[PDB]
Structure formats: structure tokens, C-alpha cells
């Protein structure tokens, strides 16, 4: 039925999951005859499920969440994503000007942005003060010193969801961004060239952190977002002082607290600078989430993604997910103090790179993430990370 659509997203729990149900219901109410069938998928399963399903578009989802960067382009090249250049609404064109570039490939728009999530450190202001950290660390050495103080003060300095691999890899991404010159970074990512020494130095700096033993003890078996003992869960329940994460963080924390209300003393600060690094000061890394349409989908799917972009729906999105909506005017309803600081951060950043693994693609990205975990587990080295990336890059 041309008016029945299958909708895949990654909000498997909490208010985010309920938001999509409500949006679907409101869409069905506003467009009688339409039916939205939802599949709420756990984030760590999403890419695998989507890529497998879209090998046969005729039986794949009509509307699905983006993977981002080269991972999107992979799907575009394979004929698994509809060009929406001439399909997106004036509302989207107007309100998502800044974020549409993330969904734009070869001058063509392939999705409707719904959220923007810069990365950085999310921390407990209370645990920081208890360790004698009165100022967020401007530099990496100061961050390391602060971790020592947090450890001495009887808490786990850094929550790390290393079982999911990418949360660990985020430390590596940021260190490369801080170490590599903007030129080397852009060329390295575009050409898949990882020969510059900065790719090794970043690994060595991360190994230094790991050898301080300031992670939560079970970090290798810790997921990012599943349960009270996930890395987000540890931060939410003040069992750990900080974690490096995207700006979806506040909404994940709020559903892992014992009363499932927002974390009271949540603070944010940008990933610090690295002495001797030639990275651009203030450079941002993050993600933009947009929703895509199956090339075989009907106009009903197009209407649904455009419906997401409507100001009221983006405002409800911001409230449900406690994150930054892609729609600029919708950002007015953002109340969380740390999110307001990230928005400012975002508004005057010199540039924003996409998450390194998404920017590099599935093969390199997955190889990189696993290699970072191997080093953190002591079964690998900084050199092995580069070798893993190079090996994977041979396939593309």
C-alpha cells in the first residue's frame, strides 16, 4: 500500500522512542489513510541491520536514519538512497540551512536533518569540585592531571563504553584532530592517507591516558548507553566523573537516573588542546542526523521526512531527546544549560568535521574502532591502529 511506510530509527528506549511513536500517530491523524510502522533499533545494531536490509530495497525500510559521511555515500553509490534535492520542503531549506550540508553529496541533498550533535566532555560538576578541579582543563596534560586528582578523590575519572568500540575511538578521533594540521587531516580523510606521524602520536597520547588507569574498571565490557552501568549510566549516577560523547548526552543521562529526571550537575567543556599539536584551535567534531528515503518509496515517505522538519516537531524532538535540533528556530526551546553552551560553541566554531569513522566509511571506520580497543586492552599499539586503518582502506 502506497500509504503504508516502514520507519527505522535508533531510539530504542526512553522519551526518544516515545517521540517517534507520537510523531507517527500525529502524522497518521493529519494524513488519514496513512500508516507508519515503526522499528525501534538499538543503536549498535543499526548500521548492520540497515546495510543488510538495503541490499534489497524492495523489502527494506521506506524511511531510515542516516549513518553519516562516507557511510551515507556508500549507500548513495549503491543506489540505496533517494535524491531529495527537489523533494525537501521550503521549511527544511530555510530552517536547516546550516545542517543540510551534512546531508549534501555531489550537490544533491539526500536527507532531512533532525539533529546536530557536537562532541566534547560531559562531566559532573560535583565530582569535579570534590577532586579539587575548579576549572575545566584547557589542555590534554591538564585533563590527565585532573583525572589523577579524580582518581585520588575516590571516583572513576572517566567512564568509557569501550565494548561498543566507537566511544573509545572518540578519544582517538579528537587527538588526531588536535594533533594533525587541518591540511593533513582533510587530505588524510579524503585520500585515506594515514602516513603522517600525527596518526601515531595521537595513539601514543591515548596510550598515556590508558596507562594512568583512570577508566571505570570494566570499561572493556561497558556499553555506551545500555543500562545503569553503561558509561552514560555511570556518569548519570555519579559513579564516574566524565565521558567524551556527542550532544545527545543529556537525553541519554536523564533516562538512566534512578528517578529518570535530568542530571542536576551536568556540565560541558570542549575537548582540550594538545601542546605541540598543529590542529586548528576550537575545531569541532560531531554528527548530524538526517532521515533518508528508500529509492522505491512513495510520496508518503517524502511527506513524513518533511513532516519531521516542521518547527513544532523539531521543538518536540529537542524536548524528547534533550539534544540540539537541526532546525535553527526550533533551538529556542533548548533549556539545558550545557546544551546552550554547546549551541554557542557550535555557532562560532571555525569548522565542524563529522565523526572520523563515519567520515572514513564502514571498512576503515570499523577497523579503526576495533584497533583502538585492541590497544586499550594491551593487545595492540598506536602503530597497529594506523596499520589497521591502512589495511581496511585497501577495500575502500
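Positions refer to the first chain, counted from 1.
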{"item": "72-80 versus 184-192 - greater average Cα B-factor per the deposited record", "value": "184-192"}
{"item": "240-248 set against 207-215, stretch whose average Cα temperature factor tops the other in the entry", "value": "207-215"}
{"item": "Out of 42, 66, 362, 351, residue topping the C-alpha B-factor column of the entry", "value": "351"}
{"item": "C-alpha B-factor winner, where the candidates are 118, 309, 161, 258", "value": "258"}
{"item": "Residue 294, C-alpha B-factor rank within chain (lowest, middle or highest third)", "value": "lowest"}
{"item": "Among modelled residues of the same chain, the CA temperature factor third for residue 263", "value": "highest"}
{"item": "Ranked against its chain, the third holding the CA B-factor of residue 13", "value": "highest"}
{"item": "Third of the chain, ranked by Cα B-factor, where residue 171 sits", "value": "lowest"}
{"item": "B-factor third for the C-alpha atom of residue 28 within its chain", "value": "highest"}
